[PDB]
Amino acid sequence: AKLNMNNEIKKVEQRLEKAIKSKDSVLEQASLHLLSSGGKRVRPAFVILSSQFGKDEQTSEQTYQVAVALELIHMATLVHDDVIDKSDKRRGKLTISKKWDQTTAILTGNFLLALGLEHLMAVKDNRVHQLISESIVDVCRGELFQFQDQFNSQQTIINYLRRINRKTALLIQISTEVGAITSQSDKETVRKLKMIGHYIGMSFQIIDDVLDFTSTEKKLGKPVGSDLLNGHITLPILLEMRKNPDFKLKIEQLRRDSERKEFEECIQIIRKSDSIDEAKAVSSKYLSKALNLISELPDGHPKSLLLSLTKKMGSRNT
């Protein structure tokens, strides 16, 4: 009866496998292709965990259903995301748009998203739905300001944070908030988990951006500087700008049609920099803000699992 995460994730994964079956064959193969090439299922994880501080002595079906919904919405995002970025590989295999075609991927994304809505109707509180829906809207308008920001060397840090909040933190925040609201937790514990999740999410994304310069063409399943090659000016790059007026002008002149060597030069400068570490540092401060609040929660196995999971999240590198 001691909650086992591994075991919990499989129950959500099996519920995802059924949910993906379709009257249309290709949509089924595409969804399964993506589902099985596999990712870390963090969102479903935070939902299960976030519900142990409520009033259910065991995880209810209602919470497994929100977990299934969250991963399906996440997936819809990934699929449409690879169509927009002309991306090549996702989770180590071909993105849908490349294994089939562009029409298919767009359709699969709609499919995945519709299923997510079907599955959220297992929640009964009409305020959660209003909460989850307005959040998805912010996510999307976020994704738009980011595409619209592409190669803008004049953007500010306070503005990069607002961008990773809508883009990534927001759905981790919903995973922890709703997960508690499903097992009837109280104002405080929920407010507590809403905040814990939001901080993990901010740290989460900051880490991705750092790992885009420090990782490997192989472990990243993509170049490196990848985000810069697409014009995304992330935390590491904003930091090196404020303290390096040469690099700042070097970034002001940067755009898609620039020669691969001006890029190489840029991504090569960020690495021997302190900025990769100042960035990592912000991730860390963010993680402590989360660990502090996790402590203020009741002792037990759940609190031990969240503490454990929140500690890998940061001490990660892939």
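Residue positions are given as counts along the sequence shown, with the first one as 1.
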Mean Cα B-factor comparison, 90-98 or 121-129, giving the higher one as deposited | 121-129
In the PDB record, does 223-231 or 192-200 carry the higher mean Cα temperature factor?
-> 223-231
Note to self: of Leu34, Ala69, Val282, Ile267, the C-alpha temperature factor tops out at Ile267
Checking the entry, which one of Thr176, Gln205, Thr108, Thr216 has the top C-alpha B factor?
-> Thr216
Lowest, middle or highest third: where is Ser258 by Cα B-factor in its chain?
-> highest
Of the three thirds of its chain by CA temperature factor, lowest, middle or highest, which one includes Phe145?
-> middle
Would you mind ranking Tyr160 by its C-alpha B-factor against the rest of the chain and naming the third, lowest, middle or highest?
-> lowest
Ranked against its chain, the third holding the CA B-factor of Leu239 = middle
Compared with the other modelled residues in the chain, in which third is the CA B-factor of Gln58?
-> highest
